[PDB]
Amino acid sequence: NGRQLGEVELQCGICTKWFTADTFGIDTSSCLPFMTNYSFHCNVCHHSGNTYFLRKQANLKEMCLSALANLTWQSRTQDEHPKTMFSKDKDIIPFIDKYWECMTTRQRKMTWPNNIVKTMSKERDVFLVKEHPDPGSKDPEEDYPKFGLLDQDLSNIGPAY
């Protein structure tokens, strides 16, 4: 499966295959791995024989999905001990904050930090939710709540064609 997880990859909405954006000289400086807020056609499938790339403003869900996918990929490849569950306050929100411009051109009291929990809590087939540490855990309360992706197969993440 010809994937390059961790690169900025883009799936073509017509042929449904995967590509890394670099392959085309697309500017990735404002891009992120594991985005879903775009529509892409490869140059084989698109009418003009050029690439098509339509970036959409990320909704709450896309922001969470991309933060979680990225935090989880980085933890899986860099940490001695991989985490799959990330803190809303210490991890998710600083991510969204930091890479804001990679997900939206909206200008920046932002109200989105209040709403990300509702967002993930209602998409239970996408997100894993722990309001509190497991009984018998040494995990400190301050770090909670915590969120993670139901589907740990990061290749499955893509636009909603």
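When you see a residue number, it is the position in the sequence shown, counting from 1.
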* To do: Using the PDB record, quantify the missing residues of the deposited sequence between residue 108 and residue 109 as none, 1 to 3, 4 to 9, or 10 or more.
  => 1 to 3
* Tell me which of 131 to 139 and 90 to 98 has the higher mean C-alpha B-factor in the deposited entry. => 131 to 139
* Structure fact -> The largest CA temperature factor among 41, 122, 61, 56 is found at 122
* To do: Comparing against every modelled residue in the chain, figure out the third that the C-alpha B-factor of residue 22 lands in (lowest, middle or highest).
  => highest
* Which third of the chain holds residue 37 when residues are ordered by C-alpha B factor: lowest, middle or highest? -> lowest
* Where the record places residue 29 (Cα B-factor, split into thirds across the chain) -> highest
* CA B-factor placement of residue 70, once the chain's modelled residues are sorted into thirds -> lowest
